[PDB]
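Here you get one chain, nothing else, as structure tokens; it is the form deposited in one PDB entry.
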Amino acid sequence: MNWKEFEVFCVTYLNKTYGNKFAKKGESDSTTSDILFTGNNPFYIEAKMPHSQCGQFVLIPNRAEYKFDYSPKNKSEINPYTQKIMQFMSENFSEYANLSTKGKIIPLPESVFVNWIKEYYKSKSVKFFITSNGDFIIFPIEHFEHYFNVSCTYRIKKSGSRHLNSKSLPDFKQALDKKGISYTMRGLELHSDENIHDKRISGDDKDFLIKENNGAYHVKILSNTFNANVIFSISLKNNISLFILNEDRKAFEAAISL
């Protein structure tokens, strides 16, 4: 299953097991965490799949100063663990200056990465995580390191897409006719008898993507920003103790009972 379905399967599990007190926030909605417990003591729960990514922050390479700078447009403030990572990379600047989509892993200890994740998700009022290994496993944020192995890398991650708008349809129609294919466009609703799902066309300093949602096709404009962010990757540990899973399951049942 995908992550969208996985978040639903978690909250449908929580609602059936503990009552209808778990609201899911928007999918791809990033302003807050996934699941909101609407009890007397309300808190958030974050659903991760066994192989997930776990937060990021962009660093701008100051090639003139040979140091790395925190992007002022980041959405989380610098914590002592952010400055630790930045201090390492700027000590090894030239080895990290060659930005790449493949990225360079950061060989600092895993404890520092756990701490950054702990502080990032505490700022989001996350009290517990939920994930499955065949059955659902739930634990509070303070026991994170006992469930996930954390790697950290510095890689380019191209920014996301936007809807095609009124201004850029002329460039998109011109790029589609140069491709030589059926179509008819009513407004921005694109119709065609040929399957053009996930087709990518280019032109006029813009790359477009075509997707079907409601029987017809709509168009996305791909980004042009290619910045580099420190980003974390987590993997669920295979053999986990059972004294720990029950101890943190009861901490969860005690938290939704306040």
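Heads up, when I say rigid core I mean the largest set of C-alphas that superpose within 1.5 Å between the two forms. Residue positions are given as counts along the sequence shown, with the first one as 1.
The stretch with the higher mean CA B factor, choosing between 118 to 126 and 132 to 140, is 132 to 140. Between 32 to 40 and 194 to 202, it is 194 to 202 that carries the larger average Cα temperature factor according to the deposited entry. Of the candidates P109, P170, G103, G160, the PDB record gives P170 the highest C-alpha temperature factor. Looking only at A23, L14, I240, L236, the residue with the top Cα B factor in the deposited structure is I240. When the modelled residues of the chain are ordered by C-alpha B-factor, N224 sits in the middle third. Sort the modelled residues of the chain by CA B factor and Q174 lands in the highest third.
Among all modelled residues in its chain, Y183 ranks in the highest third by Cα B-factor. When all modelled residues of the chain are sorted by CA temperature factor, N74 is found within the middle third. Among all modelled residues in its chain, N165 ranks in the highest third by Cα B-factor.
The next section is about a form of this same protein that is not shown, the form deposited in another entry.
No residue of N62, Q53, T32, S223 other than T32 has its CA displaced by 2 Å or more between the shown form and the other one when the core is superposed. Three angstroms is the minimum change: in the other form, the CA atoms of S151 and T31 sit closer than in this structure, by 3 Å or more. In comparison with the shown form, the Cα-Cα distance of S28 and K158 increases by at least 3 angstroms in the other form.
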